[PDB]
Structures are given as C-alpha cells and as structure tokens.
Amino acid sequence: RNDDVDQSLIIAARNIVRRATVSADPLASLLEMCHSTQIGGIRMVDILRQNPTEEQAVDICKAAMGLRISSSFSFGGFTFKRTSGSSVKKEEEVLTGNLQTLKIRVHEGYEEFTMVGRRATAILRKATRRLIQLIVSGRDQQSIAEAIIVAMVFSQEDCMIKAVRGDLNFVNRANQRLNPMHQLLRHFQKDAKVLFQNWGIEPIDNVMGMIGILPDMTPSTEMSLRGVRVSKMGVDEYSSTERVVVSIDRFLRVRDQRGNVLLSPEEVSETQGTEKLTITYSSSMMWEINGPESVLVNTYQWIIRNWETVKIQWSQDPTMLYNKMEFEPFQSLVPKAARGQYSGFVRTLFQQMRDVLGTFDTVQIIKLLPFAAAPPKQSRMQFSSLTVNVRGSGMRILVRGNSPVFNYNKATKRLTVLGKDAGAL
C-alpha cells in the first residue's frame, strides 16, 4: 500500500469526475478519461482494480467500471456509516423560512451513525426529524462547526428548515439544480448564524472529556447547542471496509442494491492537491486542466501528431473533421460572439483551397482548422486577426503570417505556441 499512489489516484479521480459532470453523457465521458489516464506510468483502470482506497471520486470511478465500493454513503463531505437501527422513507413537502416548498424523503426511525471527515469526526444519534445526540471532535472550532452543520441538516429538523433565509437555487457545474438536501447543505455551509441561533441551547453536566460549543463557535464548560457535545479526545473513526455491488447512472449517481444514493459529484471535494506521482491524461477533455495556454499547445500538438489522418479527412469528408470532439477545448476559448463568425470565414478559405486546387498551404490549415469546428454562419471575411481569449487578455492570431500565439519558423520546421514547443513537420 503506497501513499503516493493513493494520493495521486484521488487527485486524478476528482479532476475526471469534475470534468465529466459538464459533459452531455457524464458516465461515458468518465470512462473514456479513466481508460486514457495513467498514474505513475500505470493505467488508471489497473490501479482502480487493485487499490482499496475509499474516497468519493475514486469510488465513483470504481462504480463506473462495475467494481465494488464501501457500503457507506457521503453527505456534506462526511462518510456516514450506519452502526445501528433503521429507517423507512416517506416523501413529504416542507416549507422553508422563505416559503419555498421542498420535496424530501423524511426518514422515519431511530438510527446511529459515525460521520468521518478529513478534519472532524462524530457519532450521530437521530430519530424522525430529530437530532438526539451529536458527539463531535475536530482540529479546530471551524472544523467542528462544519460537522455540526451537516448533522443539523441531515437531521431534517423543523427548526433547521425554518432557519432558511432567502431562496435556494444552487446549481452544479452543468447548471443543474442540486437536490433539496444539498440546497440546504450549501445554504447553511455559506452561513449558519440563523441556524445556530434558532437551534436551542442547554446546560451541560461537566463530564470529563465532553465540553460544549455555543452559536458563536466558542467552547463552553457550562452549556452547549441542544444535543451537541465536543469530545476532547478524538472520536473513534475506525471500522472494517464492507464492499458491495453498486449501480451508477448517466449523471454519476451511485446507488446500493436497495436503491439508496451512496455518492454523486455533489459529494466530491473541491480541494485540489499537488500530485506526488505523475498523472498523464491523454483525453482531449483534460487539456483545460493546465489552463487556457496548454489548451492551445495541446490542440496544435494533436493536429500535427495525427496530420496524415487529418489530411485524408480534410479533402474527402470535411464535416466529420469539423465535428471532432478534440476542437471543443479550442472553441471554448473563442469569444461567444464570434464562434459562428470565424467558422464561416475559415470554412470558405478551405473551400477556395479545394476549388482553386493550387493554393494548398498546410501551415494555414493547421493554424486555422480549430476555428471551423463551430456551426457556420455567413461571413464578411478579410479578417486581420482572429481573437482567442486566454486568462483575461484576448490574444489574437493573424490570418497571414505569424503571431505571439502561433509562431511557425519555416527554416526550423517546428511550431512554437506561447513560448513552448508544439510538434514539428
């Protein structure tokens, strides 16, 4: 068991899951990236089949491949393992303190859980829309507070629902609505003042180990939030991993065999580590990961590598070449006002090249072929340059001759892109 492999697998899995959510078919995209990614020179799919690491993004990728994962679920970034009791679901409408209706499954029954996070751990005891007890420990008061918030929302208590202020319209990267329980999570994670204010306070017995925490997140030996105790000693976070068969849908929601959602992209951490082992993504969907600059380098690199393939497709079947998925990373950098505008001008420049027969440039085709990917509109033509938006600044590529973005030295026969090299012919 290597820590560097585990750490790097998690980073690779998160990046792929985040990118996959924006796709039209997130599951198929995620599998494509998993099969075209290597970590420490080993294929990611081989690592996933051999690695026991349980983490949300990793387990989403494992699920995609039909592998077993932990039976536990993720909620608010905490791993929830049910240690006792059970519940049944009753679908209900509840009114927030903004009078927004939320359709939720109220869980009926008594249950006990451990909650395991990176900076905090807790035992949660709970009944129908009621938090009975929360024993929590963590690195600092802010980390304890994160766990408190999640448990309050998970409880589904009335006073939590009524503590909502303003409207809940949180969305993911694909502009899809978060589900109601995640609407509540994101809301109170942003600001828990009203939640903690309305929750209630109680006096506590001065027990050895246990202390209180107040609405302002400061500790107290005298009183605490209702049901909440802070363990000075860290709460026991160990258990044996029980792996089970799971299913997964188009949008990367992973379910156990009872149909309960264990994981989704909403449960994947936003934190970005620096990998200890080299991760190499070969998919074009991942060219964005190193910024807008590497997307240009990679786009032109890919054209030069597969030029004998592109040169055959360019003459015969041009519509198949324009509708490649490899030019979509380039098209995102092109300003939205001029995507169909340049797609006409450049597609007509290739039409004159085929019709006149003796105007085949090669350097002009590779330089401009990414602009022809969008749906074409009519063109005024005679453009001095074509703008491509990098980090804030809109650096432009000239039609004839070189530029800062595209610098082809004719003597060297090597293409440079924003300083860095990008293949050769």
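Heads up: residue numbers just count along the shown sequence, starting at 1.
107 to 115 and 347 to 355 differ in mean CA B-factor, and the higher of the two is recorded for 347 to 355. The question of which stretch, 332 to 340 or 79 to 87, has the higher mean Cα B factor is settled in favour of 332 to 340. Which of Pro26, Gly40, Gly394, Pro52 has the largest Cα B-factor in the deposited entry comes down to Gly394. In the PDB entry, the Cα temperature factor peaks, among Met381, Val45, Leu31, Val58, at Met381. For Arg68, the recorded CA B-factor ranks within the lowest third of the chain. Only modelled residues enter the ranking. Sorting the modelled residues of the chain by their CA temperature factor places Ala411 in the highest third. In this PDB entry, the Cα temperature factor of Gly212 sits in the middle third of its chain's modelled residues. For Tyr281, the recorded CA temperature factor ranks within the middle third of the chain's modelled residues. Split the chain's modelled residues into thirds by C-alpha temperature factor. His35 is in the middle one.
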